[PDB]
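Student:
Shown next, in the form of structure tokens:
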């Protein structure tokens, strides 16, 4: 319905940043209220579009130090800060972005997508579990599970 | 009443892109309906803030070639396409961005701010007239189009 | 040259190239290039070296101690530094790096407003002031102090430039990149990605300690093996500061600066863009390079080793293309110093436009 | 003699030279290197235009001896101390000169515990600044210092302050005067994220306008602003955000003694005031102690300067201390004077009692 869009935008944005190895951190809300984490970033409440998402995570920019938060089908805020998980199952030298993703996935039902600035591989975080190096259709099926 | 908060964001964004060499094209709706031109870009309906505008007009990025249109204190859309001004009288200075800015000022009452990709000078277009080489506080005082 | 050698001021960091020395460099250089305009616009860039941060801090402290407006750029190639200093009409530009040298070494390099090395008179005055044991230079205070406008987005400007110098996107071309763990690490992988090419990366993971560490133009054997591993169409090996370029054909053989010069100048002649159909080069070039240049009716001017003489010749005679066997290629149509990524884009232009593989294009020039 | 009361201070470039800041960073990093051969010094500044120059020189110095440096950007000195403690970091540096004019600046040091460096360490740092031989180790290659900017620390120090509020301040109109200093971005986020109607002023720094007719030392602008916007109260922090001066709805100034009285009285009403005592300086007003007796709160007096206030709170394990300046220490939460913490405690009192600021401040008669 209106789920095919926004989902299409997320996958297109993620493939765009993956081909260019642009670090990204996008947290999709479902049932747990994350307003306390939204109020830490730059509020946008913008309609979701691939171009806007790409523009948010440009290498060095005011709207890049932090995570994008998606509430409903709108980018509620950008450059939001998430807690670090300090877990040993995070493959080291990565962290920072991945640590924040798994940390926010430990506390909430949120689905967190990550794009590595070092490798360009797409990662996903849910319930404290981080799956690295996902394919385009793996992310597509995961985002249709939402 | 709290529109000064928004002018603060606009002035900081424009002075930021002007201090460097980042092309910008910001239109702002007033009384004329600009939906015909809004529906040509990427819809955002976003809260304003300077950082979002600066991020919008960054090189390489997708929705940066074109103009963002500001509606009721919200960035309605970005990468919108504006009509170019067939009027002569100015062309000598390249144009393109300035031509597109001036074109919308005959058809609308909108106040369009422009940042030159070559010079970094702030320009404004209103009622078909294009004011060149604006100072930081001249634009700020100029931006009192709001009552 | 006392402090200003061929590649500016160089030394092993902290011990030889001390942060105090970098501070004096920034202060005295900013003063000498201040004289005319009240508040110069020096912008500064570096490679990924662990000493880069310390030297940048000292340099910015110096530049602000005499009122210069400072525009930090972060990690960006020396070509990008020159391009931004010119395209922004800034008084001077600084690159803290020491191309292809080991991580322990570093260096300060200066560019004028035109995008070229500072005039020897200015360097002479800078060294004159570094001998007086009295810092009798003005010490602005309050609002007279220097100003700082971080411009970490500058890369994408220099990126948007390179992107437009491609005759078309390189769709269907598999390219391997070796970025020496240097300044081009973030840039190149972005660039060829925006030109629709399947990039395969290596040496694109810097950590301040691994620059030019068995990777880069000086160590292309890793890329030679990697190209055969990923069966890519070609491999590109930039160096630390991204001013050189060394190619690798699909067979895994090295394609030095002479072969790339031949290929690109031949393509430019095929487009008529080669000015007077001449190519500037150094003594270090191979005999077969000039042989094939004659075979394709291309005149050539030779200068002494070092790229300042190559650019001197291209300057005075208005020549389009110049280069060295090192891979340092100058295309004066687009930039004023050697540009690894620009040279790579020209090579990709030739590849795409002729459809031949890199080995076949490089085989036209026979080495002696 | 470089380390006065407020660390090393001077007018920038002319007296507090970047060479001097470099020597400070290098020798202090050596002094704080003795444990691990890579200390974790983190560094922050206010909005002073000399902040960038002094920070560059300081980071160059700290990296010239191998110290790992964590830049923080613009953040209050309280935030610096809180972050250095909460991060188990060896030291923290603040480039600022509280409430002084923009032309002046200064370097201040905090140990791992969050307190001013021990006088032995400062003595050694000054000892090394006298030998005309920089015979200290010059690490090279991989032995050099490392820097990983941590501009997010602010939001940590913010996330801390946010939890020290007994509830959100809904329905309270508050005017903020941040002196165009470090508290400009923080405070406006804080009280807005705590659901309070904020009206801002002096929150627009440009590196030249710090402490310019605004801040705790110049509260008349905020005094007029409170009556203009008919706010319930106005809060005036200073340049580095360690002091606080309140303004009631009537427009009157509420100095540090009145704020100490109000907050200690509320804390006693919550039983959180340790031993029902309050530490203060000779500079305090007689009526302050009079009302302290009237509310059954004991009091300890120390010499002027906050090192003695915190000395007393240290040895005797006391909860609250302060000065008439507005420099208030709540040792339950922080180790130096904290403008925003004091403001949060005052807002706690306001919300919990519902009374206006004038009525709360009238209990203590000057």
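Protein chains in written order, with UniProt numbering: chain A, 107 to 252; chain P, 107 to 253; chain B, 2 to 369; chain V, 3 to 368.
Where is the CB? At the ideal position from N, CA and C, for every residue including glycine.
Can you tell me whether residue 194 of chain A is buried or exposed? The criterion is at least 16 other CB atoms within 10 Å of its CB, across all chains shown.
Tutor: When all chains shown are included, residue 194 of chain A counts as exposed.
Student: Quick one: Cα of residue 1 of chain B to Cα of residue 167 of chain B, how far?
Tutor: In the structure as shown, chain B begins at 2 and stops at 369. Residue 1 of chain B is therefore absent and cannot be evaluated.
Student: Show which residues of chain P have a CB atom less than 8 Å away from the CB atom of residue 240 of chain A.
Tutor: Per Cβ cutoff of 8 Å: no residues; residue 240 of chain A is ~23 Å from chain P at best.
Student: Given a cut-off of 9 Å, decide if residue 95 of chain V and residue 44 of chain V are closer than it, judged by their beta-carbon atoms.
Tutor: Yes; because the gap between Cβ atoms is below 9 Å, this pair is in contact.
Student: Determine, using beta carbons only, whether residue 165 of chain A comes closer than 9 Å to chain B.
Tutor: Cβ-Cβ to chain B under 9 Å: yes for residue 165 of chain A.
Student: For residue 133 of chain P versus residue 217 of chain P, is the C-beta spacing smaller than 9 Å?
Tutor: Taking 9 Å as the Cβ cut-off, residue 133 of chain P and residue 217 of chain P qualify as a contacting pair.
Student: When you compare each of B:242, B:359, B:155, B:339 to residue 166 of chain A by their alpha carbons, which one comes out closest?
Tutor: The option with the nearest alpha carbon to residue 166 of chain A is B:155.
Student: Tell me the rounded alpha-carbon separation between residue 7 of chain V and residue 289 of chain V.
Tutor: Near 28 Å, if we compare the C-alpha coordinates of residue 289 of chain V and residue 7 of chain V.
Student: By a C-beta neighbour count over all protein chains shown, 10 Å radius and 16 as the cutoff for buried, is residue 227 of chain B buried or exposed?
Tutor: Flag for residue 227 of chain B reads buried.
Student: Identify which residue in P:206, P:199, P:238 has its Cα closest to the Cα of residue 188 of chain P.
Tutor: Of the listed residues, the one whose Cα sits closest to residue 188 of chain P is P:206.
Student: Just the chain V side, please: which residues come within less than 7 Å of residue 146 of chain A by C-beta, in chain order?
Tutor: Those within 7 Å of residue 146 of chain A in chain V are 157.
Student: If you follow the beta strand (DSSP E) that residue 199 of chain A is in, where does it begin and where does it stop?
Tutor: Per DSSP, residue 199 of chain A belongs to no beta strand (DSSP E) and is neither H nor E.
Student: Drop a sphere of 10 angstroms on the beta-carbon of residue 232 of chain A, count the other beta-carbons inside from all chains shown, and report buried for 16 or more, exposed for fewer.
Tutor: So residue 232 of chain A ends up on the buried side.
Student: Here's the rule I'm using: 16 or more other beta-carbon atoms within 10 Å means buried, otherwise exposed. How should residue 284 of chain B be labelled?
Tutor: Answer is exposed; the Cβ neighbour count stays below 16.
Student: Look up residue 22 of chain V in the DSSP assignment and say whether it is helix, strand or coil.
Tutor: If DSSP states are grouped into helix, strand and coil, residue 22 of chain V belongs with the helices.
Student: What do you get for residue 80 of chain B, buried or exposed, if any count of 16 or more other CB atoms within 10 angstroms of its CB means buried?
Tutor: Looking at its Cβ environment, which holds 16 or more other Cβ atoms inside 10 Å, residue 80 of chain B is buried.
Student: Go through the region 259-286 of chain B residue by residue and report every complete run of the alpha helix (DSSP H) that reaches 4 residues or more, in order.
Tutor: Those alpha helix (DSSP H) runs which fall completely within the region 259-286 of chain B and span 4+ residues do not exist here.
Student: Thinking C-alpha only, which one of B:179, B:160, B:286 is nearest residue 211 of chain B?
Tutor: The option with the nearest alpha carbon to residue 211 of chain B is B:179.
Student: Ends of the alpha helix (DSSP H) at residue 131 of chain V?
Tutor: That residue, residue 131 of chain V, is in no alpha helix (DSSP H); it is neither H nor E in DSSP.
Student: Name the chain P residues that come within less than 9 Å of residue 188 of chain B, Cβ to Cβ?
Tutor: Correct list: empty, because the minimum Cβ distance to chain P is about 11 Å.
Student: Name the residue from A:184, A:172, A:163, A:168 whose alpha carbon lies nearest to the alpha carbon of residue 168 of chain P.
Tutor: Here the closest residue by C-alpha is A:163.
Student: With a Cβ-Cβ cutoff of 9 Å, do residue 162 of chain V and residue 349 of chain V count as a contact?
Tutor: In this structure, residue 349 of chain V does not lie closer than 9 Å to residue 162 of chain V by Cβ.
Student: Give a yes or no on whether the minimum CB-CB distance between residue 153 of chain A and chain P is below 9 Å.
Tutor: Yes, because at least one Cβ of chain P sits closer than 9 Å to the Cβ of residue 153 of chain A.
Student: Under 9 Å, Cβ to Cβ, is there at least one residue of chain A near residue 160 of chain P?
Tutor: It does: the Cβ of residue 160 of chain P has a partner Cβ on chain A nearer than 9 Å.
Student: By the DSSP assignment, the beta strand (DSSP E) with residue 193 of chain V in it spans what residues?
Tutor: Per DSSP, residue 193 of chain V belongs to no beta strand (DSSP E); it is in the alpha helix (DSSP H), 185-195.
Student: What residues from chain A crowd round residue 75 of chain B, counting only those whose CB sits closer than 7 Å?
Tutor: By Cβ distance, chain A contributes 166.
Student: With a threshold of 9 Å between beta-carbons, can residue 115 of chain B be considered close to chain P, or not?
Tutor: No, no contact with chain P.
Student: Just to confirm, is the Cβ distance from residue 269 of chain V to residue 213 of chain V under 9 Å?
Tutor: For residue 269 of chain V and residue 213 of chain V, no; Cβs fall outside 9 Å.
Student: Using a threshold of 9 Å, state whether the C-beta atoms of residue 281 of chain B and residue 256 of chain B are closer than that.
Tutor: Against a cut-off of 9 Å, the Cβ pair of residue 256 of chain B and residue 281 of chain B comes out as no contact.
Student: Under the three-state reduction of DSSP, which class applies to residue 315 of chain V: helix, strand or coil?
Tutor: Correct three-state label for residue 315 of chain V: helix.
Student: Report yes if the C-beta distance between residue 18 of chain B and residue 150 of chain B is below 9 Å; otherwise report no.
Tutor: Result no, Cβ atoms of residue 18 of chain B and residue 150 of chain B do not sit closer than 9 Å.
Student: Are the beta-carbon atoms of residue 352 of chain B and residue 234 of chain B separated by less than 9 Å?
Tutor: It is a contact, given that the beta carbons lie within the stated cut-off.
Student: Could you pull the DSSP bridge partners for residue 107 of chain V from this structure?
Tutor: Looking at the DSSP assignment, residue 107 of chain V forms a beta bridge with V:12.
Student: Does the beta-carbon distance from residue 307 of chain V to residue 315 of chain V come in below 9 Å?
Tutor: In this structure, residue 315 of chain V does not lie closer than 9 Å to residue 307 of chain V by Cβ.
Student: For residue 158 of chain B, does the count of other Cβ atoms within 10 angstroms reach 16, so buried, or fall short, so exposed?
Tutor: Flag for residue 158 of chain B reads buried.
Student: May I ask you to list, following chain order, the residues of the region 28-52 of chain V that have a beta carbon less than 9 Å from some beta carbon of chain B?
Tutor: So the close ones are 28, 51, 52.
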